[PDB]
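S.K.: Pasting a structure below so you can have a look.
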Amino acid sequence: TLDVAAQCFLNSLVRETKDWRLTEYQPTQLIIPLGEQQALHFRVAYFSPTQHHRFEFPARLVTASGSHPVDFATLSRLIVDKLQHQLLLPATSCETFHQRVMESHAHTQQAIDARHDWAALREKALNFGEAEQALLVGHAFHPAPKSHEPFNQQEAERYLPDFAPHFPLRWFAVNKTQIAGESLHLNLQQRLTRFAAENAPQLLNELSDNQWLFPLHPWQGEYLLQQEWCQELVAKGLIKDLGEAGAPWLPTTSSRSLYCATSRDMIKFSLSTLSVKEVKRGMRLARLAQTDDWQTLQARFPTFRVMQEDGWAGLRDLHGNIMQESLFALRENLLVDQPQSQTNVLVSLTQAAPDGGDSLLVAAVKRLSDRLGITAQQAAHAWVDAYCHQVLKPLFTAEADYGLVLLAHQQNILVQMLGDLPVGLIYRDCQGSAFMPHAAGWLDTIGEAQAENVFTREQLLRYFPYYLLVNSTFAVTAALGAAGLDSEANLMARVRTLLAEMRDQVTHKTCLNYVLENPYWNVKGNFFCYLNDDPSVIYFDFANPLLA
Amino acid sequence: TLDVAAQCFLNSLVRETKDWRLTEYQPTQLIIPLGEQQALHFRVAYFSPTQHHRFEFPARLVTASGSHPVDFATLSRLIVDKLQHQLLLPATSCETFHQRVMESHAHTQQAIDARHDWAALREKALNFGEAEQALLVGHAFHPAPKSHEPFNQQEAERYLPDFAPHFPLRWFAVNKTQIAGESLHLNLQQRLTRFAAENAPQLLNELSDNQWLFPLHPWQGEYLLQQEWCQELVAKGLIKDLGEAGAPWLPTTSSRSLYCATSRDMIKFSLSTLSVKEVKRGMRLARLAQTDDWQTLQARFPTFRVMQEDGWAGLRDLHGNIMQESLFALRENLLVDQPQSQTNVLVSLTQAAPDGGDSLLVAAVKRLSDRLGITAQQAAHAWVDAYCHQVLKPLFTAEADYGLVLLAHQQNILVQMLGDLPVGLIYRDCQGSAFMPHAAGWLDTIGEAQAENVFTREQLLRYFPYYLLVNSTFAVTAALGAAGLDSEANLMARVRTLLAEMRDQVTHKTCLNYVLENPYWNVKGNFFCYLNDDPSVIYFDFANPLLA
Amino acid sequence: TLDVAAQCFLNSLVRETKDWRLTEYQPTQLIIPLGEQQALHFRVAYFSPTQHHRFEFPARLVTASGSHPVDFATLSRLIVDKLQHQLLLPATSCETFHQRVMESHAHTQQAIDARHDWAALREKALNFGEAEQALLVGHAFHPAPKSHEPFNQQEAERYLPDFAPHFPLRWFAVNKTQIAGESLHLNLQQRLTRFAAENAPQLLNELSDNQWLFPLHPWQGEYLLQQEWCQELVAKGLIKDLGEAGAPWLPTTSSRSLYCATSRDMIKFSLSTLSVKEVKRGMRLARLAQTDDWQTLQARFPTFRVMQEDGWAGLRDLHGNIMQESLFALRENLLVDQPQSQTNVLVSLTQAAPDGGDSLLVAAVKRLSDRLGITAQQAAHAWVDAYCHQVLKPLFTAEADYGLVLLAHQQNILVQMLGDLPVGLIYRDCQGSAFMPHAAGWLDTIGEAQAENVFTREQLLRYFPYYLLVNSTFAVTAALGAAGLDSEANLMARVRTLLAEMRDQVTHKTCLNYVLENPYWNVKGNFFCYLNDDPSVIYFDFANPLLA
């Protein structure tokens with residue numbers, strides 16, 4: 001049996017602590033001592049060199065008297081008690097931590113009960129929107145991944161991707177004086193006009209030189225009209241609420257971010273939160289993408305694309321102050337012309353399946369196997385190799401030759417597949433971009449050398465390898481390992497060899513050297529991080545499995 | 001102005017003769033002496049290092065008196081007179097040659113007059129069937145490419161791809177005794193059943209244990225019922241003609257070969273001609289594709305696919321003799337599940353445009369340029385580079401590491417594109433396959449070591465580089481050169497560099513060494529070849545443009 | 001608030017009993033006396049002249065002391081106690097009845113909890129398969145509609161339309177000796193071949209002169225292999241189980257009947273039950289549909305179609321006995337060529353919505369209103385009028401002029417709509433057909449005059465008006481009444497007028513006279529019928545609302 005939410009709490013704990021035992025004898029068990037001649041025993045179904053373990057449940061508690069099973073509420077409390085005393089922590093922040101752990105475990109269990117169609121996602125190639133909504137648990141190494149903030153069941157079933165919903169946007173007619181924002185190619189007025197024409201043309205009778213159409217998340221729209229600064233604007237005749245109208249939008253893995261298959265733009269709302277600084281990161285990268293060196297990079301990696309966030313807008317109050325709770329940014333919908341593209345977000349492919357069966361990555365590889373007439377293992381190798389050439393090669397070369405750092409969270413990576421094989425990469429979330437000192441000459445050509453989002457070498461090596469290799473790439477290899485298509489050790493040797501070849505084709509070797517040569521990667525953890533809101537406990541040393 | 005049919009006759013002549021002049025001064029002219037103080041002058045619009053020239057017409061004839069224009073009938077006759085005397089040739093075979101040259105020039109001109117929709121093919125990505133029927137002249141270096149044999153206008157407008165037609169197949173109910181053939185996966189009876197169920201289910205009331213459904217080309221069907229051996233079978237009750245029925249089929253570049261978007265099989269008819277030996281080449285390669293080494297090759301190049309010809313059938317007469325005029329072979333329709341795939345046959349992309357505008361390759365590259373925001377030249381480089389990795393790399397590695405020779409006529413190469421960029425290769429026409437001595441151990445595992453279709457080293461070097469580089473790859477580079485996206489010299493340097501890297505990744509270097517190092521490629525020509533039906537005139541030495 | 005399952009039990013009770021009270025004063029209440037100075041009170045949200053009432057819950061129980069709410073378990077038990085004593089019934093059959101009432105109420109409540117997507121079905125025109133699976137409660141006047149027999153949750157979530165599932169069929173290779181059945185147009189062998197080729201072509205390697213492919217429901221397949229007679233066939237080499245394979249099938253309102261959008265045939269399984277006599281009714285009507293009078297009828301009503309059941313098959317045991325638990329019948333898929341047709345089963349349109357909002361009929365009419373720019377009420381009138389011309393006119397004229405009786409259960413009527421307006425009728429379930437004495441001459445032309453499924457005049461008037469007017473037509477008018485688009489009295493006056501015109505266009509007036517003129521329709525009820533497994537209690541007199 002299994003419990004996927006529980007497995008996240010345990011794999012996160014095991015990855016960030018040294019005090020556990022792995023039995024030499026079989027049936028293999030993993031043991032967490034609790035002190036007091038007491039310890040939790042877990043039958044191991046899959047032991048992972050990267051801590052993507054799968055345990056059989058129930059857990060058992062072994063005392064001096066005997067052993068008895070324990071449910072997840074009990075084992076998580078025992079563990080948090082041990083850490084409370086071991087680390088001398090406030091009982092209050094421990095109670096908060098365990099409370100949040102149990103809420104996430106309930107939110108996750110309910111999302112599973114609602115999605116009885118999930119297994120059927122294994123049947124055929126998923127398109128972009130199907131992949132965005134196939135994600136039931138999004139953080140495999142977080143104690144409490146799923147939070148419904150800020151919704152309430154009925155509101156959570158309409159607005160969270162967990163439940164595969166869709167809905168129309170809410171709209172205001174807003175006086176041009178109360179609208180702030182920017183846009184590339186089209187100015188702001190033309191962007192709001194094109195957006196409204198595509199997604200709610202029937203409101204175009206409300207559009208004038210001075211009255212513009214302003215989209216809103218439906219919950220966030222309700223929320224703003226309850227605020228006082230916004231009721232003033234309504235009273236003064238500067239905002240008229242138009243209600244919900246237009247094409248269906250569906251929440252993606254981010255939930256603030258919405259996809260509409262017929263809109264040239266995706267949309268990302270401040271949802272109870274964007275900031276003006278965050279949207280400036282999008283505009284900076286968008287303006288940087290107009291330069292000749294960006295063009296040279298694109299010409300070198302034609303299958304590699306960034307979804308630019310080249311427009312944003314927000315509501316000003318009576319004093320002219322931009323009210324950040326009203327912000328949105330606009331993201332190029334590179335899939336508007338091919339809405340059935342097999343472009344899938346990496347985290348949905350790699351997540352463990354709620355029913356214990358094949359992950360959606362594994363289902364894709366087995367179809368690859370069948371279509372080509374090659375073994376499961378040979379398909380697994382072909383998919384890992386293409387992943388490295390389509391995902392890892394552009395991202396390392398971009399940092400190395402151009403100074404552009406793109407933080408590749410697993411939900412920021414869209415694998416463009418053709419017949420279940422990676423043929424391209426699309427990166428999204430331009431707020432996860434940063435610039436190295438050797439990009440300064442190139443930032444300066446657009447007047448952005450003093451850009452706020454720069455990295456030191458130390459920051460590069462702390463985050464970029466952690467997101468791209470630990471979180472993203474080893475989710476691919478662990479997921480293929482757990483299905484037995486081949487082992488993680490063998491699949492990570494694939495990756496190691498293809499990274500070594502890449503190093504030969506780049507100028508600045510610093511990042512690949514660390515990846516290929518340093519025995520430990522100091523990375524910022526999640527389990528103890530979230531138990532705050534200690535010093536060397538939030539950070540931990542990750543043993544490099546790529547080292548010769 | 002221009003004349004594409006004429007340009008084929010001249011470029012073929014110029015490529016296989018040394019007796020012409022290229023003026024040092026401008027406007028650039030190409031001069032062919034005719035003897036007798038007489039010579040043809042051609043204003044040159046595009047001079048090509050690989051002889052893909054484009055001339056402005058009319059041609060002019062320069063005598064001691066003056067110059068006057070000449071039409072294509074006159075210049076082709078003057079040229080054939082000169083070769084008649086220069087080579088002391090029979091006036092009869094020269095008259096035949098010029099007669100066939102003029103018929104091809106008329107057939108080509110009529111195909112142009114019928115296809116007024118052709119320019120609109122530039123507008124968007126073509127799918128497989130659109131690309132197959134976009135071909136108006138298929139042999140850029142043949143004196144007389146277009147022959148309508150064996151049809152007559154109305155019959156040529158229904159059965160030739162030139163006119164973009166479609167039609168249903170003709171069908172016989174045939175006694176099992178009079179059917180010969182084979183099939184893999186399904187036996188012959190199950191293949192004829194699956195074929196008829198998919199393409200003419202309404203004839204399934206004619207299907208029994210002993211009476212099987214037998215497809216026929218519609219013209220070839222009419223032809224066989226006029227024959228005597230077949231009227232006997234009808235008289236004896238062994239064949240009942242069922243007429244034409246079922247799904248629409250459209251002729252491809254081959255015209256004998258038909259495509260139906262809903263059939264799992266394509267079909268290739270003996271058309272007035274297949275032979276039993278030819279279809280055995282398909283079955284041999286199909287059986288070879290079941291082995292573990294084929295599997296290893298497929299796993300190494302997952303984007304590379306062969307359309308196997310793993311079934312065939314034919315009619316036996318009363319004596320049991322297979323009547324080859326009734327043969328067909330069945331070709332996997334790898335596009336049945338994705339009929340809108342941008343998989344396009346290479347010759348349709350590279351052909352010169354009948355109206356003098358962009359070739360369909362160039363239209364695709366300009367869209368690539370626009371979608372990615374890179375220059376025309378940068379898109380041309382990206383497309384050449386992907387072509388080498390998707391087309392040239394699998395074909396050289398297959399010969400080198402496995403001993404499998406696939407003769408890559410330009411109409412045998414299907415470029416699988418995604419957004420106008422090559423992402424894969426599909427090879428078709430298994431009759432153009434052959435085996436090298438180092439494939440004997442592997443042929444022997446399926447009992448095929450004594451296979452009729454083997455090559456010597458000499459045959460490898462005469463044909464494989466000519467088809468893959470001279471005909472296919474330099475059609476790509478010349479076509480991009482002629483549009484001015486960049487020069488052939490620069491684009492062929494791209495190819496040279498990517499071939500050198502390939503040599504490092506293969507065992508048997510013989511074929512790449514010749515490609516990269518020999519200064520001349522002795523190849524079998526077309527212009528003088530077709531003037532027969534002399535010894536060292538059919539062959540000529542091609543100067544290697546890839547040599548350092 | 002409301003409870004749709006409860007509303008079925010109460011509306012069924014109220015329709016078949018005279019002992020209730022409707023308060024003259026408001027808020028309107030409906031009162032059911034329980035005897036003993038005790039009675040159930042229901043606040044009425046919608047009072048219906050045809051008993052399609054909607055009550056607000058909770059119910060209340062009023063005693064001599066006071067009143068207190070009661071849940072559905074309590075009020076259904078009180079009612080069944082009263083009927084037990086009032087009718088002097090066995091306590092055992094009353095306990096069984098209440099047990100089944102509560103199970104249906106639970107099965108219905110769970111189907112609602114699973115379908116959170118249901119409200120979104122209101123958004124746009126439904127196609128055939130969406131409409132088949134939109135049905136959560138199928139019998140508005142039955143005490144216990146939903147039974148899961150014979151499944152168990154996980155099996156019920158895979159095989160019942162309530163949960164919108166889909167699945168592949170299970171398949172046997174069966175020796176021709178052990179297959180019985182028939183088919184029109186194609187013989188049985190050709191039908192099983194065409195069916196298997198379309199839906200599981202990859203099993204065609206198992207198809208031979210003597211070994212035929214035999215489809216099975218997946219649960220029914222498992223069930224037969226557990227039986228002894230079938231294990232013998234496996235032991236003797238006469239049946240080889242091939243497992244599940246092929247295209248997805250989805251259960252329709254019947255659950256035994258499956259739809260596959262790409263199959264030319266629908267399929268109807270004996271599921272734990274068809275009989276040979278039942279499938280002979282299909283073949284008889286199918287053979288009758290080949291005659292010239294059928295043709296004349298079709299030519300008179302071109303928008304009226306019957307889905308013929310013109311083939312069936314079953315497994316014989318070692319003794320040659322047809323094992324009816326293996327039967328299936330094959331139903332023409334008239335939608336195979338237009339799978340997005342807005343053809344919807346009438347019961348899904350008319351059912352009350354689980355969330356208390358618009359029924360799917362009402363959603364369609366409101367879209368009709370919007371598209372045409374006419375009021376909601378004018379659209380309701382247009383839809384009722386077209387319903388009468390497209391549904392009622394063909395069915396009465398068929399009985400009257402041809403003697404063909406088609407029993408129009410609401411789930412047997414497919415309303416072919418174009419832009420939310422009825423433009424045609426498709427009838428299915430040929431087992432609900434019967435023949436009047438004046439069809440004997442026409443039955444005799446196909447040798448079927450002694451047909452088992454004939455009606456007397458008495459049977460005609462008991463069933464045909466009940467199914468076509470009480471169940472089907474008044475579900476349409478009540479559903480439009482309950483939304484307030486116009487009243488049932490006014491909408492039933494529409495129907496009355498259009499029926500009177502029909503009578504002028506037909507020969508045998510007997511059925512329309514009864515519909516238009518008799519003050520009471522004696523009909524067979526459901527509430528007390530199902531309390532058995534009394535004499536004049538199963539039957540009741542329905543007051544004709546169409547009487548002048």
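Please note that chains go A, B, ... in the order of the structure tokens, that every chain numbers its residues from 1, and that ligands are numbered from 1 in the order shown.
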Env of region 74-78 of chain A: 8 Å cut, atoms = only C-alpha atoms, seq-sep filter 3 positions within chain, self excluded. Answer as a PDB file with N, CA, C and O atoms, in the first residue's frame.

M.R.:
ATOM      1  N   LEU A  34      13.356   7.327  17.708  1.00  0.00           N
ATOM      2  CA  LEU A  34      12.606   8.411  18.312  1.00  0.00           C
ATOM      3  C   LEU A  34      13.125   8.738  19.678  1.00  0.00           C
ATOM      4  O   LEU A  34      12.658   9.652  20.329  1.00  0.00           O
ATOM      5  N   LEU A  40      10.435   4.265  14.739  1.00  0.00           N
ATOM      6  CA  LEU A  40       9.507   3.991  13.646  1.00  0.00           C
ATOM      7  C   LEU A  40      10.168   3.108  12.597  1.00  0.00           C
ATOM      8  O   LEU A  40      11.300   3.372  12.175  1.00  0.00           O
ATOM      9  N   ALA A  59       3.237   2.338   8.645  1.00  0.00           N
ATOM     10  CA  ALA A  59       4.390   2.396   9.520  1.00  0.00           C
ATOM     11  C   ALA A  59       4.118   1.618  10.801  1.00  0.00           C
ATOM     12  O   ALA A  59       2.974   1.394  11.197  1.00  0.00           O
ATOM     13  N   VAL A  70       1.033   2.377  13.236  1.00  0.00           N
ATOM     14  CA  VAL A  70       0.646   3.753  13.539  1.00  0.00           C
ATOM     15  C   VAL A  70       0.252   4.455  12.244  1.00  0.00           C
ATOM     16  O   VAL A  70       0.858   4.230  11.191  1.00  0.00           O
ATOM     17  N   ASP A  71      -0.781   5.296  12.326  1.00  0.00           N
ATOM     18  CA  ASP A  71      -1.233   6.089  11.190  1.00  0.00           C
ATOM     19  C   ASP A  71      -0.331   7.313  11.023  1.00  0.00           C
ATOM     20  O   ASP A  71       0.569   7.567  11.830  1.00  0.00           O
ATOM     21  N   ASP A  81       7.827  15.734  17.824  1.00  0.00           N
ATOM     22  CA  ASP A  81       8.262  15.739  19.223  1.00  0.00           C
ATOM     23  C   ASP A  81       9.767  15.519  19.343  1.00  0.00           C
ATOM     24  O   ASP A  81      10.445  16.215  20.110  1.00  0.00           O
ATOM     25  N   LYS A  82      10.306  14.533  18.612  1.00  0.00           N
ATOM     26  CA  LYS A  82      11.738  14.242  18.696  1.00  0.00           C
ATOM     27  C   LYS A  82      12.567  15.451  18.279  1.00  0.00           C
ATOM     28  O   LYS A  82      13.536  15.817  18.955  1.00  0.00           O
ATOM     29  N   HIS A  98       3.149  20.760  12.764  1.00  0.00           N
ATOM     30  CA  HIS A  98       2.396  19.517  12.639  1.00  0.00           C
ATOM     31  C   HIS A  98       0.975  19.781  12.167  1.00  0.00           C
ATOM     32  O   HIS A  98       0.414  19.000  11.385  1.00  0.00           O
ATOM     33  N   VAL A 101       1.291  20.172   8.486  1.00  0.00           N
ATOM     34  CA  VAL A 101       1.563  18.858   7.899  1.00  0.00           C
ATOM     35  C   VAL A 101       0.279  18.047   7.739  1.00  0.00           C
ATOM     36  O   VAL A 101       0.069  17.389   6.714  1.00  0.00           O
TER      37      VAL A 101
END

S.K.: Can you write out as a Markdown table which residues of chain A fall within 9 Å of chain C, alongside each residue's closest atom pair and its distance in Å to one decimal, counting only C-alpha atoms and ordering rows by chain and ascending residue number?

M.R.:
| residue | atom | partner | partner_atom | distance |
| --- | --- | --- | --- | --- |
| A:113 | CA | C:114 | CA | 8.5 |
| A:114 | CA | C:114 | CA | 6.6 |
| A:115 | CA | C:114 | CA | 8.6 |
| A:116 | CA | C:114 | CA | 8.2 |
| A:117 | CA | C:165 | CA | 7.8 |
| A:120 | CA | C:166 | CA | 8.8 |
| A:157 | CA | C:116 | CA | 8.5 |
| A:163 | CA | C:116 | CA | 8.9 |
| A:164 | CA | C:117 | CA | 8.9 |
| A:165 | CA | C:117 | CA | 7.8 |
| A:166 | CA | C:120 | CA | 8.8 |

S.K.: Export N, CA and C atoms of the chosen residues as an mmCIF file, in the first residue's frame?

M.R.:
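Dumped to out.cif:
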data_model
loop_
_atom_site.group_PDB
_atom_site.id
_atom_site.type_symbol
_atom_site.label_atom_id
_atom_site.label_comp_id
_atom_site.auth_asym_id
_atom_site.auth_seq_id
_atom_site.Cartn_x
_atom_site.Cartn_y
_atom_site.Cartn_z
ATOM 1 N N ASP A 113 -9.355 11.700 -3.882
ATOM 2 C CA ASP A 113 -10.712 11.162 -3.906
ATOM 3 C C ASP A 113 -11.548 11.782 -5.019
ATOM 4 N N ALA A 114 -11.269 13.038 -5.374
ATOM 5 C CA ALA A 114 -12.016 13.699 -6.439
ATOM 6 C C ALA A 114 -11.598 13.206 -7.819
ATOM 7 N N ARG A 115 -10.321 12.849 -8.000
ATOM 8 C CA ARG A 115 -9.789 12.496 -9.321
ATOM 9 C C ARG A 115 -9.696 10.976 -9.450
ATOM 10 N N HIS A 116 -10.833 10.422 -9.822
ATOM 11 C CA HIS A 116 -10.955 9.037 -10.147
ATOM 12 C C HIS A 116 -10.639 8.862 -11.636
ATOM 13 N N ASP A 117 -10.572 9.937 -12.364
ATOM 14 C CA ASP A 117 -10.203 9.813 -13.734
ATOM 15 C C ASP A 117 -8.681 9.770 -13.883
ATOM 16 N N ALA A 120 -6.667 7.229 -16.029
ATOM 17 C CA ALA A 120 -6.927 7.290 -17.461
ATOM 18 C C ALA A 120 -6.016 8.272 -18.166
ATOM 19 N N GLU A 157 -12.317 23.882 -5.025
ATOM 20 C CA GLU A 157 -12.683 23.023 -6.145
ATOM 21 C C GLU A 157 -12.887 23.797 -7.439
ATOM 22 N N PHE A 163 -8.409 19.860 -9.129
ATOM 23 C CA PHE A 163 -9.754 19.392 -9.431
ATOM 24 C C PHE A 163 -10.105 19.530 -10.903
ATOM 25 N N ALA A 164 -9.121 19.875 -11.733
ATOM 26 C CA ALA A 164 -9.306 20.100 -13.161
ATOM 27 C C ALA A 164 -10.511 20.983 -13.503
ATOM 28 N N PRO A 165 -10.619 22.192 -12.896
ATOM 29 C CA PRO A 165 -11.763 23.064 -13.202
ATOM 30 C C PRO A 165 -11.459 23.986 -14.361
ATOM 31 N N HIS A 166 -12.459 24.773 -14.744
ATOM 32 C CA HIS A 166 -12.268 25.880 -15.663
ATOM 33 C C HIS A 166 -13.360 26.912 -15.392
#

S.K.: Just the strand (DSSP E) stuff from region 153-301 of chain C, please, per backbone DSSP, written as number ranges by chain.

M.R.: C: 167-175, 179-183, 211-216, 239-251, 257-259, 265-269

S.K.: Show me, as a ChimeraX atom specification, the residues that have an atom within 10 Å of residue 139 (chain C) when counting only C-alpha atoms, minus same-chain residues fewer than 6 positions from it.

M.R.: /C:5,8-9,12,145-146,347,351,410-411,471,526

S.K.: Please provide the set of residues having any atom within 8 Å of residue 318 (chain B), restricted to only C-alpha atoms, with same-chain residues fewer than 5 positions apart removed, written as a CSV table (one decimal) with N, CA, C and O atoms, in the first residue's frame.

M.R.:
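Result file result-v6.csv:
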chain,number,residue,atom,x,y,z
B,178,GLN,N,-5.8,-18.5,-56.4
B,178,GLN,CA,-5.1,-17.6,-57.3
B,178,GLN,C,-4.4,-16.4,-56.7
B,178,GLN,O,-4.1,-15.4,-57.4
B,229,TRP,N,-5.1,-14.1,-69.9
B,229,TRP,CA,-5.0,-15.0,-68.8
B,229,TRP,C,-6.0,-14.6,-67.7
B,229,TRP,O,-6.5,-15.5,-66.9
B,232,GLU,N,-9.7,-15.6,-68.5
B,232,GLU,CA,-9.9,-17.0,-68.2
B,232,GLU,C,-10.3,-17.2,-66.8
B,232,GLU,O,-11.3,-17.9,-66.5
B,233,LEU,N,-9.6,-16.5,-65.9
B,233,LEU,CA,-9.9,-16.6,-64.5
B,233,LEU,C,-11.4,-16.2,-64.2
B,233,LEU,O,-12.1,-16.8,-63.4

S.K.: Quick one: everything within 7 Å of region 426-441 of chain A, counting only C-alpha atoms, minus sequence neighbours fewer than 2 positions away in the same chain. Send it as a VMD selection string.

M.R.: chain A and resid 278 281 to 282 304 to 309 402 to 407 412 to 416 424 443 to 445 449 453 to 456

S.K.: Residues near residue 193 (chain A), anyone? I mean within 9 Å using only C-alpha atoms, not counting same-chain ones fewer than 5 positions away, as a list in words.

M.R.: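 Counting only C-alpha atoms, the residues come to residues 188, 198, 204, 207, 212 and 213 of chain A.
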
S.K.: Can you tell me which residues surround region 388-395 of chain B at a distance of at most 6 Å, considering only C-alpha atoms, apart from same-chain residues fewer than 2 positions away, and format the answer as a PDB file with N, CA and C atoms, in the first residue's frame?

M.R.:
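Okay, out-v1.pdb is ready:
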ATOM      1  N   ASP B 385      21.774  22.573 -40.147  1.00  0.00           N
ATOM      2  CA  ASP B 385      22.389  21.833 -39.048  1.00  0.00           C
ATOM      3  C   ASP B 385      21.487  20.696 -38.565  1.00  0.00           C
ATOM      4  N   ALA B 386      20.182  20.955 -38.444  1.00  0.00           N
ATOM      5  CA  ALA B 386      19.269  19.908 -37.995  1.00  0.00           C
ATOM      6  C   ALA B 386      19.100  18.835 -39.069  1.00  0.00           C
ATOM      7  N   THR B 397      25.764   6.490 -40.202  1.00  0.00           N
ATOM      8  CA  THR B 397      26.008   5.560 -39.107  1.00  0.00           C
ATOM      9  C   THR B 397      25.423   4.177 -39.401  1.00  0.00           C
ATOM     10  N   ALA B 398      24.306   4.114 -40.137  1.00  0.00           N
ATOM     11  CA  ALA B 398      23.709   2.820 -40.455  1.00  0.00           C
ATOM     12  C   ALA B 398      24.614   2.026 -41.389  1.00  0.00           C
ATOM     13  N   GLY B 424      13.202  14.840 -37.235  1.00  0.00           N
ATOM     14  CA  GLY B 424      13.284  13.409 -37.463  1.00  0.00           C
ATOM     15  C   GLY B 424      13.383  13.093 -38.940  1.00  0.00           C
ATOM     16  N   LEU B 425      13.649  11.820 -39.203  1.00  0.00           N
ATOM     17  CA  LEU B 425      13.737  11.289 -40.551  1.00  0.00           C
ATOM     18  C   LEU B 425      12.844  10.064 -40.692  1.00  0.00           C
TER      19      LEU B 425
END

S.K.: Would you please give, as a ChimeraX atom specification, all residues of region 355-500 of chain A that DSSP assigns to alpha helix (DSSP H) based on the backbone?

M.R.: /A:360-372,376-387,393-397,440-444,457-465,474-482,488-500

S.K.: Tell me, in Å to one decimal, how far CA of residue 266 (chain A) is from CA of residue 119 (chain A).

M.R.: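 For CA of residue 266 (chain A) relative to CA of residue 119 (chain A), the distance reads 27.8 Å.
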